[PDB]
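In what follows, a structure is listed as structure tokens, so that the remarks can point back to it.
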Amino acid sequence: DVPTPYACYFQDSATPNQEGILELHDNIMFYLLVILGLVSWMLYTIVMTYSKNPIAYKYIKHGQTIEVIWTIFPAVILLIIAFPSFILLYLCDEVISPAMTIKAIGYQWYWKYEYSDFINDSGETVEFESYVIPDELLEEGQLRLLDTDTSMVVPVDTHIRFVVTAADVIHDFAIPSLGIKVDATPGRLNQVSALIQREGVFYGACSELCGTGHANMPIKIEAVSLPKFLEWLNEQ
Amino acid sequence: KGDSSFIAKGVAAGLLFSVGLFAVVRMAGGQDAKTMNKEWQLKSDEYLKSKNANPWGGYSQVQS
Amino acid sequence: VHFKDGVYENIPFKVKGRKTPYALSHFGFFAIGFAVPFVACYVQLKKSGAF
Amino acid sequence: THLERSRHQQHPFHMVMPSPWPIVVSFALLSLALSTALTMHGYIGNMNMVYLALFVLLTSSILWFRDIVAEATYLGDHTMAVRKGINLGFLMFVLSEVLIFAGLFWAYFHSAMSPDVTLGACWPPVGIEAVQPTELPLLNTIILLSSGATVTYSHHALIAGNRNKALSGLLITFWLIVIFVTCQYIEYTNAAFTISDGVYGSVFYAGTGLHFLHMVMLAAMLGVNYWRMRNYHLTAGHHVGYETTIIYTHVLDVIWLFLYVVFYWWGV
Amino acid sequence: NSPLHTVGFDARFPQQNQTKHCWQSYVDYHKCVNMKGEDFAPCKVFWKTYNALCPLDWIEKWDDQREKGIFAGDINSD
Amino acid sequence: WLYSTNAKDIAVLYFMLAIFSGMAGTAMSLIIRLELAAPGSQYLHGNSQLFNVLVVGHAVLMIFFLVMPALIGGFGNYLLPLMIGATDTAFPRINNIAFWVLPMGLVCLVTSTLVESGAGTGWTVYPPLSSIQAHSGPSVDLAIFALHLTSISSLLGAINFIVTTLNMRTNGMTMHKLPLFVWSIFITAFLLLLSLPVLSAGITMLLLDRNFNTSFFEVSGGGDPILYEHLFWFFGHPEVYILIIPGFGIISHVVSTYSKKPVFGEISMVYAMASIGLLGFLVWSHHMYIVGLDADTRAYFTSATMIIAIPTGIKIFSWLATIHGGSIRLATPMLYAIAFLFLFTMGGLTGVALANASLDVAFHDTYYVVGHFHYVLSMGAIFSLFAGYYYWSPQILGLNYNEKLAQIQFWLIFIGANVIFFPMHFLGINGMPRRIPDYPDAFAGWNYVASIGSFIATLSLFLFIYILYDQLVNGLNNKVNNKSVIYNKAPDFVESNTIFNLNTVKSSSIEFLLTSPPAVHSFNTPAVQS
Amino acid sequence: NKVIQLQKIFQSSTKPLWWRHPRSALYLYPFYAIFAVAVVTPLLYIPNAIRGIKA
Amino acid sequence: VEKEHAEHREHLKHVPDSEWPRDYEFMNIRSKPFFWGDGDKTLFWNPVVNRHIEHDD
Ligand code: HEA
Ligand code: HEA
Ligand SMILES: CCCCCCCCCCC(=O)OC[C@H](COP(=O)(O)OC[C@H](O)COP(=O)(O)OC[C@@H](COC(=O)CC)OC(=O)CCC)OC(=O)CCCCCCCC
Ligand code: CUA
Ligand SMILES: [Cu+2]
């Protein structure tokens, strides 16, 4: 979607794959505030209450009854927190029953989608690039370095399946509102399967560095309805 | 005895000489982006309101 | 340094007894180290059109 | 007595005079690395500054080594612990140079353990023909198994005290290694695939490539182990310049056997 | 209602890297057109697969390496 | 003198270069953060080159020319001769090439920018970005050689430390009784040995794929660029567990000196300190979760790099146990070592959030990573480098450092670099990518907050130069007036003042029993322990 | 043969150890000739390598 | 078995009798050609196995 100035949280979840991340980023940070709540307290009871202790208790070294306690204590939260971290890995490769195959190939300064599934009646793939609009050709009201000229349409409530690669320098494919992030290796290709559940445009960014034009590569993607998408596919 | 205040008067006079030195390098700065001056930011909101970008949350995009 | 473990004689500086004041030769070692990216921002802009 | 004890060193560990070959080798490693990156991009015209950089570096090693043998046999702070210092300082060093092979073995298990798409589905691919292990590469394993049975046939023979087996037993091992350079010069002159022959052409002249770049220094290590034993430098109770040569070769049986099983046997 | 159709799970390549899925379906189609040709409908399940999940420059590549006989894969089953 | 082989005078040359490379490594980060002050290229005119050159020009001066030669060279060549009981190092002639290749590692890097191209490859020098079809000139040719000169100095600079500790101790110094700063570097020396030859093949193969076109990494030929992502990062995660284990040695000495108490669980602190080093080998692709690994391979690493947080919890809770009972003397090394215990551990909680394969897929290459690894580099390896300089500066130089002026240098580092690196977690949780000269306009919020702070921290560093001037000129006139603190251990409650000057230094290490400065032969007799 | 002979010369020599060989006077002045050229000519071409002037 | 291969190299260096068999794309790569000469493959290479004839066609 769109980033917000002076924001501090995730972009809005438009994918159950993205919606799983927000319930795992908060499942982790609930067990990170007990540890930060302990250390910020156990360092204020020492600097304040024990800087005025002139007699140092210099005969407590081993502590066998507390040595074994804080070595199972990182072994009791991590055994708990991994079970919501295993249930997200094995349930984010769900490419069992897909519905659509779209491509995304980045040639170091743009992307190049093709809708090579031949549900379209013309029987040809629809390839189109995605260049960012420069500041000289900037229409007043467009987002700078976040709005391309040729966007990309995807239906809603559909089991899509991307294929992401490149023919040059590695640079990845990141939409934060959908939770999709794959490398676009030059020699090989990667897939993601992200069911979008709401109509609206998502803007993303390319994360991995490519060269001089790393800032000049957005990934614009809007979601329309399935009859409304087909009116675009029978045109182009 | 008169030294804990000299600590807190070097901290609070180091932040002032930091920010006061920041303005000299900004006034010797290049011309900023054209997409920030509160009116580009305004018309990029009903463009998002007509698309429902952030439904729950804020898509204000306004920071002149 | 091989011998003379004095006070200033484990450092290859010449702190006291210098002809010139030491703040010339001390800030002049650490500001010169500060001004090396500001000549990498000079001969790479002037070569590439900018100034 | 104590008056002579106040005229000597009281700790067994060695103290070295300030030598300037520390900054001589450092200036050579600058003019190695700087000049090998210029002639790849021009600015000179001729490829001989790298040949200069291989000459000033290697004569700086023997001038470093001339001061060390001046300390080894002519000044002598080599006690039991200092003898154990270098003998563990070199035995722990070759753990690093056996791990750099794992930076080259692991590329061979990166293009053959999982088949790729730019090449064929077989390793070695079509168009590329490999040499069977029932050929002249099998001579390369037996000539080191004979080397591994003559480096210890002359290890204890120097300690044994007779110079008929100690001197002559290292000349027959030295020419057993220069003859190993020339049979790894056949596959550098008669094999089909080259260094630029894709990924099979890359790692094959790297895993066996670095095994060829160590015999130029191993034969140069025998080049002083015969000169010093003829000029009576090495002894039969204290030998560091001879002991580092044997462990340079007794571990070489292990790495070449691991190099032979996957590059040739599993590599066809 | 649901007019869309594409290739399913393909359990022999279940990982994220689907490059051998793009490669072998180019192989299994062009091995079918030369050997055991009796119909096209079980032979176009490997044609409809490799049009999906494959870039256009790669199909231009695989039809150019095939043309000079420099196809690195086994193209001739016969 | 230039080529003296004394290990004392080499480590003062190490420290003389780690500030010169420091004031160059942070002047580049000044211009980097000046360009992220506002959208649109302000000071760089329109050049997105010389920004992937300055980022690699800054990130390698900080890693390989500041924190490597100070915590291993600047201290390890001064303290491991001294604390163990040696007279100097075991190999003192190669001790001088381990320093004098580092200015030659600088001429191989500053000239890598002045040439016509500029190595715009980033710190992780990736193969198709740095290939000869992408980067043409001799810029990246020198940037892969200055990384090789430091790879070879700090390799023989750790063979110098395995055959120093194993045989060159004193009489009663058994293998279970050593200072923890030595067990830091001796454990580190078994990671410097077993990760740098992995790196030296992972760079030379990129050299072969650039002017000898061998195609280890070239795509036309089947050479993966993804082999680089597991071969460089096999060096990379042990490398960042080498900038922190000597950082775990200095803090274990400071926090148990300025608290008059031995450290809690010393035998527990040496077994959980190699287990960080050993298990750090087995986790090296947590950086590359998104690069297309298997669903069980990522399932192994999301459980295996969380176990690095098992021995680090032991090495922190014991530092919260070694100061519980004892006194606290809040001087400047105690201020750094007590803010290290809060800002490094907050750089650990962001570690285990990034450690998951189920959560790195919304965080890779964002600014949430740069918020995480700067709480453990400029706050875990500068907070233990400032706590190591101030802890051994008047003992080694002989002159005290104006203690009332080193407290304001601590707070301008504490709150003047937390203001930079705390809002980075907010720009990255939205998804701002890295290494970019410009950004979408919604990321102008915190990038002006993090830009006001880089003048705060680099005004404290300008003050730290003046502390280095006050310490060398009239640093003798500091311990005769009330400017500094002289005795780092104040006497006990029932210890009379006239009996304290007989038994002054109640240290647990040899480092303070020596003279200030120590002699050119501080060990001419075999000392004895217990 | 020369091991005891050189040991009279090396021990109690009052010379730098890299000047303590009898066959060492000719080892240095040609070596200082190739050292006085191999550290300037890789660096004198650097202002030639800044203006694009290559070969 | 050396002599039966020493005579085998004399066949390929004599005549190809049509042309080369048009080697694959990974076997010959010449991105950034070599620097000590003009197009030399390595320090020493005989044309009995390293002919490298260009097939533009
Ligand atoms: C040792 C590691 C180290 C240290 C200390 C720092 C310190 C700093 N770094 Fe850097 N940085 C990196 C390592 C480090 N960095 C790396 C690896 C990258 C990623 C590059 C890449 O992957 O693209 C990076 C990237 C990076 C970015 C780009 C983010 C991205 O693209 O990924 C930015 C921009 O904000 C930045 C800023 C800073 C700042 C403001 C400091 C400030 O802390 C500096 C100012 C503070 C000081 C005043 C203290 C230090 C000064 C000294 C001289 C040390 C004192 C020691 C002695 C004198 C005893 N760093
Ligand atoms: C220099 C020091 C340093 C240290 C010590 C660490 C320590 C850790 N790092 Fe980090 N890391 C870097 C520096 C460092 N890192 C750098 C430079 C990068 C890459 C940036 C680049 O590529 O440019 C990086 C990258 C990096 C990534 C890659 C992200 C990405 O690029 O996509 C990940 C993810 O797994 C990670 C995780 C960790 C973890 C789990 C630890 C753990 O060791 C820390 C664990 C510590 C604790 C958790 C706190 C103390 C313990 C407790 C109080 C008790 C136990 C805790 C609980 C039970 C919760 N690091
Ligand atoms: C590339 C390298 C560049 C390096 C440049 C870095 C510059 C940093 C300089 C810092 C410095 O030198 O300060 C130390 C100096 C001596 O202190 P001391 O430790 O001997 O103890 C003094 C006694 O114990 C208490 O001193 P007292 O309390 O009596 O004086 C009050 C003093 C306190 O206020 C401040 O510190 C901020 C103004 O105010 C003044 O003097 C105002 C006079 C105009 O204290 C001073 O007197 C500072 C005066 C102001 C100097 C300019 C400040 C700019 C930010
Ligand atoms: Cu393409 Cu970054
Ligand atoms: Cu890591």
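Simple scheme: letters A, B, ... for chains in structure tokens order, numbers from 1 for residues in each chain, numbers from 1 for ligands in the order shown.
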- Task: Please provide the set of residues having any atom within 10 Å of residue 54 in chain D, restricted to only C-alpha atoms, with same-chain residues fewer than 3 positions apart removed, written as a ChimeraX atom specification.
- Result: /D:28-29,31-32,48-51,57-59
- Message: Neighbouring residues of ligand 2 are defined here as those with any atom at most 6 Å from a ligand atom, counting only C-alpha atoms and all ligand atoms; list them as a list in words.
- Response: residues 32 and 74 of chain A; 240, 241, 243, 244, 286, 287, 305, 306, 308, 309, 310, 312, 313, 345, 348, 349, 351, 352, 354, 355, 360, 364, 365, 369, 373, 376 and 377 of chain F
- Task: Could you give me, as a ChimeraX atom specification, every polymer residue with an atom at most 7 Å away from an atom of ligand 3, counting only C-alpha atoms and all ligand atoms?
- Result: /B:3,6,9-10,13-14,17 /C:27,30-31 /F:402,404-405,462-463,465-466,483
- chain H contacts on chain F, only C-alpha atoms, 10 Å, as a list in words: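 So the residues of chain F near chain H are residues 131, 132, 133, 136, 209, 210, 211, 212, 213, 214, 215, 218, 219, 220, 221, 222 and 223 of chain F.
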Can you write out as a Markdown table which residues of chain A fall within 9 Å of chain E, alongside each residue's closest atom pair and its distance in Å to one decimal, counting only C-alpha atoms and ordering rows by chain and ascending residue number?
```
| residue | atom | partner | partner_atom | distance |
| --- | --- | --- | --- | --- |
| A:93 | CA | E:16 | CA | 7.7 |
| A:94 | CA | E:9 | CA | 8.8 |
| A:95 | CA | E:9 | CA | 5.8 |
| A:96 | CA | E:9 | CA | 4.4 |
| A:97 | CA | E:8 | CA | 5.6 |
| A:98 | CA | E:8 | CA | 6.1 |
| A:99 | CA | E:5 | CA | 5.8 |
| A:100 | CA | E:6 | CA | 5.8 |
| A:101 | CA | E:52 | CA | 6.6 |
| A:102 | CA | E:53 | CA | 7.9 |
| A:103 | CA | E:53 | CA | 7.2 |
| A:104 | CA | E:55 | CA | 8.9 |
| A:105 | CA | E:55 | CA | 7.9 |
| A:114 | CA | E:55 | CA | 8.0 |
| A:115 | CA | E:52 | CA | 8.4 |
| A:116 | CA | E:52 | CA | 5.6 |
| A:117 | CA | E:52 | CA | 5.9 |
| A:118 | CA | E:5 | CA | 8.6 |
| A:119 | CA | E:4 | CA | 6.3 |
| A:161 | CA | E:53 | CA | 9.0 |
| A:162 | CA | E:53 | CA | 8.0 |
| A:163 | CA | E:53 | CA | 5.9 |
| A:164 | CA | E:53 | CA | 9.0 |
| A:165 | CA | E:55 | CA | 8.5 |
| A:167 | CA | E:57 | CA | 8.8 |
| A:187 | CA | E:19 | CA | 8.8 |
| A:188 | CA | E:19 | CA | 5.6 |
| A:189 | CA | E:19 | CA | 5.6 |
| A:190 | CA | E:17 | CA | 4.9 |
| A:191 | CA | E:16 | CA | 5.4 |
| A:192 | CA | E:16 | CA | 7.4 |
| A:226 | CA | E:2 | CA | 8.9 |
```
- Message: One decimal, in Å: what's the spacing between CA of residue 529 in chain F and CA of residue 242 in chain F?
- Response: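 Result for CA of residue 529 in chain F versus CA of residue 242 in chain F: 29.7 Å, one decimal.
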- Message: Around ligand 5, out to 8 Å and counting only C-alpha atoms and all ligand atoms, which residues are there? I want them as a ChimeraX atom specification.
- Response: /F:233,236-238,240,283-287
- Task: Residues within 6 Å of ligand 1 should be enumerated using only C-alpha atoms and all ligand atoms and returned as a VMD selection string.
- Result: chain F and resid 19 22 to 23 26 29 32 to 33 55 59 62 to 63 67 122 to 124 370 377 to 378 382 385 to 386 434 to 435 454 457 to 458 461
What does the file look like for those residues with C-alpha atoms, as a JSON list (two decimals), in the first residue's frame?
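New file again_27.json:
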```json
[["chain", "number", "residue", "atom", "x", "y", "z"],
["F", 19, "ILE", "CA", 41.42, 6.73, 14.66],
["F", 22, "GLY", "CA", 38.02, 6.18, 12.17],
["F", 23, "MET", "CA", 37.84, 9.85, 11.28],
["F", 26, "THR", "CA", 32.81, 8.41, 10.00],
["F", 29, "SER", "CA", 28.99, 8.31, 7.19],
["F", 32, "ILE", "CA", 25.87, 9.47, 3.77],
["F", 33, "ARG", "CA", 23.53, 10.75, 6.46],
["F", 55, "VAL", "CA", 28.66, 3.33, 1.64],
["F", 59, "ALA", "CA", 31.29, 0.22, 5.95],
["F", 62, "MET", "CA", 34.48, 0.70, 10.22],
["F", 63, "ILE", "CA", 34.63, -3.10, 10.13],
["F", 67, "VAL", "CA", 37.04, -2.53, 15.03],
["F", 122, "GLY", "CA", 28.07, -2.22, -1.49],
["F", 123, "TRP", "CA", 29.84, -3.92, 1.40],
["F", 124, "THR", "CA", 28.52, -7.34, 0.43],
["F", 370, "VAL", "CA", 20.34, -1.36, 10.00],
["F", 377, "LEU", "CA", 28.32, -2.43, 16.26],
["F", 378, "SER", "CA", 28.34, 1.22, 17.28],
["F", 382, "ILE", "CA", 32.33, 1.03, 20.30],
["F", 385, "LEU", "CA", 36.22, 0.09, 22.66],
["F", 386, "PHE", "CA", 35.60, 3.32, 24.55],
["F", 434, "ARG", "CA", 18.87, 0.14, 1.82],
["F", 435, "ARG", "CA", 21.74, 1.90, 0.03],
["F", 454, "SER", "CA", 24.83, 12.26, 13.19],
["F", 457, "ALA", "CA", 27.75, 11.79, 17.70],
["F", 458, "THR", "CA", 30.35, 13.38, 15.41],
["F", 461, "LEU", "CA", 34.05, 12.57, 18.34]]
```
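Those residues that approach range 36-51 of chain G to within 8 Å, counting only C-alpha atoms, are residues 27, 28, 31, 34, 35, 43, 44, 52 and 53 of chain D; 114, 115 and 116 of chain F; 32, 33 and 54 of chain G; same-chain residues fewer than 3 positions away are not listed.
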- Just the residues within 12 Å of residue 12 in chain H, please, counting only C-alpha atoms, with nothing from its chain fewer than 5 positions along; format it as a list in words. residues 192 of chain D; 5, 6, 7, 17, 18, 19, 20, 21, 46, 47, 48, 49, 50 and 51 of chain H
- Query: Hey, what's within 8 Å of range 2-5 of chain G if we count only C-alpha atoms and toss same-chain stuff fewer than 5 positions away? As a ChimeraX atom specification, please?
  - Reply: /D:73-74,231-233
Could those selected residues go to a file with C-alpha atoms, as a compact mmCIF listing (two decimals), in the first residue's frame?
```
# COMPACT_ATOMS: atom_id res chain seq x y z
CA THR D 73 72.07 -22.15 13.63
CA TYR D 74 74.22 -19.07 14.36
CA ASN D 231 76.44 -26.85 4.03
CA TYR D 232 75.99 -28.61 7.43
CA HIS D 233 73.30 -26.24 8.70
```
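Using only C-alpha atoms and all ligand atoms, residues with at least one atom at most 6 Å away from any atom of ligand 4 are residues 108, 109, 171, 206, 207, 208, 209, 210 and 214 of chain A.
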- Message: Based on the backbone DSSP call, show me all residues of range 251-426 of chain F assigned alpha helix (DSSP H), as a PyMOL selection string.
- Response: chain F and resi 251-254+266-279+297-304+311-317+332-354+367-373+386-396+403-406+408-421+424-426
With C-alpha atoms retained, export the selected residues as a tab-separated table (two decimals), in the first residue's frame.
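Resulting contents of again25.tsv:
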```tsv
chain	number	residue	atom	x	y	z
F	251	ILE	CA	33.36	-5.70	29.60
F	252	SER	CA	34.06	-8.72	31.80
F	253	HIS	CA	37.14	-6.92	33.18
F	254	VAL	CA	35.65	-3.44	33.59
F	266	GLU	CA	34.15	-17.37	35.55
F	267	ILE	CA	34.21	-21.05	34.56
F	268	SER	CA	30.66	-20.61	33.28
F	269	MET	CA	31.82	-17.60	31.23
F	270	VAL	CA	34.56	-19.46	29.34
F	271	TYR	CA	32.41	-22.41	28.24
F	272	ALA	CA	29.58	-20.17	27.00
F	273	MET	CA	32.16	-18.11	25.07
F	274	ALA	CA	33.53	-20.78	22.73
F	275	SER	CA	29.99	-22.13	22.30
F	276	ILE	CA	29.19	-18.76	20.73
F	277	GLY	CA	32.24	-19.23	18.51
F	278	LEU	CA	31.55	-22.87	17.65
F	279	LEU	CA	27.80	-22.60	17.04
F	297	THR	CA	16.67	-25.76	5.22
F	298	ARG	CA	15.06	-22.51	6.39
F	299	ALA	CA	13.25	-24.57	9.04
F	300	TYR	CA	16.62	-25.65	10.43
F	301	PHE	CA	18.13	-22.17	10.53
F	302	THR	CA	15.06	-20.59	12.16
F	303	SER	CA	15.71	-22.97	15.07
F	304	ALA	CA	19.51	-22.93	14.93
F	311	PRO	CA	25.06	-18.63	25.70
F	312	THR	CA	24.69	-14.87	25.23
F	313	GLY	CA	22.01	-14.91	27.92
F	314	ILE	CA	24.53	-16.54	30.24
F	315	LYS	CA	27.14	-13.89	29.41
F	316	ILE	CA	24.67	-11.08	30.21
F	317	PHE	CA	22.82	-12.38	33.28
F	332	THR	CA	33.81	6.59	32.54
F	333	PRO	CA	34.63	2.90	31.79
F	334	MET	CA	31.80	1.96	34.13
F	335	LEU	CA	29.41	4.28	32.29
F	336	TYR	CA	30.18	2.69	28.93
F	337	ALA	CA	30.10	-0.85	30.31
F	338	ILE	CA	26.71	-0.22	31.91
F	339	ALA	CA	25.17	1.31	28.79
F	340	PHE	CA	26.66	-1.55	26.81
F	341	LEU	CA	24.48	-3.81	28.96
F	342	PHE	CA	21.31	-2.05	27.77
F	343	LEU	CA	21.92	-1.14	24.14
F	344	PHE	CA	23.64	-4.33	23.04
F	345	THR	CA	20.85	-6.42	24.53
F	346	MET	CA	18.26	-4.34	22.68
F	347	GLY	CA	20.33	-5.17	19.64
F	348	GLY	CA	19.80	-8.78	20.63
F	349	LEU	CA	16.02	-8.70	20.85
F	350	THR	CA	15.96	-7.34	17.32
F	351	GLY	CA	18.30	-10.23	16.53
F	352	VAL	CA	15.85	-12.99	17.42
F	353	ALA	CA	13.04	-11.16	15.64
F	354	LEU	CA	15.14	-11.18	12.46
F	367	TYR	CA	16.16	-0.27	7.53
F	368	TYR	CA	15.00	-2.54	10.35
F	369	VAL	CA	18.20	-4.51	9.78
F	370	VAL	CA	20.34	-1.36	10.00
F	371	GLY	CA	18.57	-0.51	13.23
F	372	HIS	CA	19.50	-3.95	14.51
F	373	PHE	CA	23.14	-4.26	13.52
F	386	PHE	CA	35.60	3.32	24.55
F	387	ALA	CA	35.40	1.21	27.72
F	388	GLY	CA	38.76	-0.31	26.85
F	389	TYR	CA	40.58	2.86	25.98
F	390	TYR	CA	39.46	4.75	29.10
F	391	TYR	CA	40.16	1.67	31.23
F	392	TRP	CA	43.80	1.40	30.08
F	393	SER	CA	44.71	4.88	28.91
F	394	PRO	CA	46.62	6.32	31.94
F	395	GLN	CA	48.02	2.90	32.81
F	396	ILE	CA	49.63	2.64	29.36
F	403	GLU	CA	37.62	12.61	33.77
F	404	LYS	CA	35.18	15.54	34.04
F	405	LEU	CA	35.40	15.91	30.24
F	406	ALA	CA	35.02	12.22	29.44
F	408	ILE	CA	30.15	14.54	28.57
F	409	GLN	CA	31.71	12.51	25.77
F	410	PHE	CA	29.81	9.48	27.03
F	411	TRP	CA	26.38	11.08	27.09
F	412	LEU	CA	26.78	12.73	23.70
F	413	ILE	CA	27.59	9.26	22.36
F	414	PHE	CA	24.77	7.56	24.28
F	415	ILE	CA	21.83	9.84	23.50
F	416	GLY	CA	23.50	11.31	20.40
F	417	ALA	CA	23.63	7.97	18.63
F	418	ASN	CA	20.47	6.44	20.05
F	419	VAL	CA	18.65	9.27	18.29
F	420	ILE	CA	20.10	7.98	15.01
F	421	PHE	CA	19.59	4.26	15.32
F	424	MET	CA	15.65	3.15	11.90
F	425	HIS	CA	13.33	0.43	13.22
F	426	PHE	CA	10.36	2.53	12.06
```
- Item | Test item: chain B residues at most 6 Å from chain F, counting only C-alpha atoms, as a ChimeraX atom specification | /B:7,10-11,18,30,32-33
- Message: Neighbouring residues of residue 30 in chain D were defined as those with any atom within 8 Å, considering only C-alpha atoms; residues of the same chain fewer than 5 positions away were excluded. Please report them as a list in words.
- Response: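 Counting only C-alpha atoms, the residues come to residues 101, 104, 105 and 108 of chain F.
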Emit the selected residues as a CSV table (one decimal), in the first residue's frame, including N, CA, C and O atoms.
```
chain,number,residue,atom,x,y,z
F,101,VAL,N,50.9,-3.7,6.7
F,101,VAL,CA,50.1,-3.9,5.4
F,101,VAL,C,48.8,-3.2,5.5
F,101,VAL,O,48.1,-3.1,4.5
F,104,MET,N,49.0,0.0,3.6
F,104,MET,CA,49.0,-0.5,2.2
F,104,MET,C,47.6,-1.1,1.9
F,104,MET,O,47.3,-1.2,0.7
F,105,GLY,N,46.8,-1.5,2.9
F,105,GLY,CA,45.4,-1.8,2.7
F,105,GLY,C,44.5,-0.5,2.6
F,105,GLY,O,43.4,-0.6,2.3
F,108,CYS,N,45.4,0.8,-1.2
F,108,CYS,CA,44.5,0.0,-2.0
F,108,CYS,C,43.0,0.2,-1.9
F,108,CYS,O,42.2,-0.5,-2.4
```
- Item | Interface, chain D side, toward chain C (12 Å; only C-alpha atoms) as a PyMOL selection string | chain D and resi 15-18
Take the residues from that selection and write them out as a tab-separated table (two decimals), in the first residue's frame, keeping N, CA and C atoms.
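Contents of the output file part.tsv:
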```tsv
chain	number	residue	atom	x	y	z
D	15	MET	N	63.96	-13.29	21.75
D	15	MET	CA	63.87	-11.85	21.53
D	15	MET	C	64.65	-11.49	20.27
D	16	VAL	N	63.98	-10.81	19.34
D	16	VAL	CA	64.51	-10.55	18.01
D	16	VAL	C	64.89	-9.08	17.90
D	17	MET	N	66.00	-8.81	17.22
D	17	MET	CA	66.41	-7.45	16.90
D	17	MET	C	65.45	-6.84	15.87
D	18	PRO	N	65.34	-5.50	15.83
D	18	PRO	CA	64.46	-4.87	14.83
D	18	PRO	C	64.98	-5.02	13.41
```
- Message: Give me, as JSON, numbers by chain, the residues of chain F touching chain E, with the criterion being at most 8 Å (counting only C-alpha atoms).
- Response: {"F": [292, 293, 294, 295]}
Go ahead and save the residues from that selection, with C-alpha atoms, as a PDB file, in the first residue's frame.
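Below is the file that was written, out_17.pdb:
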```pdb
ATOM      1  CA  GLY F 292      15.231 -19.320  -2.394  1.00  0.00           C
ATOM      2  CA  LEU F 293      16.347 -21.963   0.053  1.00  0.00           C
ATOM      3  CA  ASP F 294      14.381 -25.076   0.908  1.00  0.00           C
ATOM      4  CA  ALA F 295      11.387 -25.238   3.240  1.00  0.00           C
TER       5      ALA F 295
END
```
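The coordinates place CA of residue 383 in chain F at 15.1 Å from CA of residue 319 in chain F.
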- Using only C-alpha atoms, which of the listed residues (D:219, D:138, D:121, D:24) sits closest to chain E?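 Selected residue with least distance to chain E: D:121.
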